[PDB]
Every structure is written in structure tokens, then in C-alpha cells.
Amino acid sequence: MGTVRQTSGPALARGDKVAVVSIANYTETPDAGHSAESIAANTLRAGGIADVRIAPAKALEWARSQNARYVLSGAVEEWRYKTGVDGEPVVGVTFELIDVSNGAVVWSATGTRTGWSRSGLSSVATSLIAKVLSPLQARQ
């Protein structure tokens, strides 16, 4: 259950360097944004993007120093199990891809998903972040 909404974006190159930078945490799950960061970064690598790097603890101040072409950022709106025994997992994420040249959001997505009650939070998140980030798969 849930939906995914994507704007169009550029076809990314295998050699386009991407900085994953502070994914905001708007939930009461500690480190939820950090989990999304890790999950996102590996999604971006699995999608064929050779050089992907997560920022440390504007932000473009940094990404240029790492000679990144783009910055992937976002926020997590929901990341938890619903309350009670057999509460299903629920994830909600937004993502922005930023062109480091001008600071302009060239691609954006929103995805939410409510899981099976016999599913893990990490599983749903991981699946959703992969579907949401699929247009950032490297072009053939």
C-alpha cells in the first residue's frame, strides 16, 4: 500500500558524482534520517552510480569541495510501526536532487508505503527508497 510520485529528471551518468546530504528527520524515530541516508546511498550505487558519498554530521559549500555534480537530499515524514501488537510498518519520504552548479532542484519525488504487519520497518523503507529513487538509475 502507498504511492510514489516522481517529477521527470535528467538521465544521470555512471560518472556523475553525487553527495547525499542531511536527510531531515521529521519523525520520532531516532536516526531515521540517517537510515534513509545509508539506504539511499546504496540504492544510488546499486542503480549504477559509481561515486556516491554521504556528507558528515549552503550545504553546497561542501559538495563543491568534493567536486560533486549533484546533491541528493530529502526528509523522512514517517518511519515507524503503527501502535500496538502487530502494528504495520509505515514509511514516508521525500527526495530532492540538487544541481551543484546553480542550486536548482532538477528532480523530486514523494513516496509513502504501509507495510504488511508481518514485515519489518527496514524492509519497507528499503523497498520504498529503491522504487522512489529508480529514475536516478544510470542511463545505458
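All residue numbers refer to positions in the sequence shown, first residue = 1.
Where residue 57 is followed by residue 58 in the displayed chain, the model omits 10 or more of the deposited residues that sit between the two.
Mean C-alpha B-factor is higher over 14-22 than over the other stretch, the pair under comparison being 14-22 and 120-128. Higher mean CA temperature factor, per the PDB entry, when comparing 84-92 with 34-42: 84-92. Among 112, 66, 73, 27, the highest C-alpha B-factor recorded in the PDB entry belongs to 66. Residue-level temperature factors show residue 79 in the lowest third of its chain, judged at the C-alpha atom.
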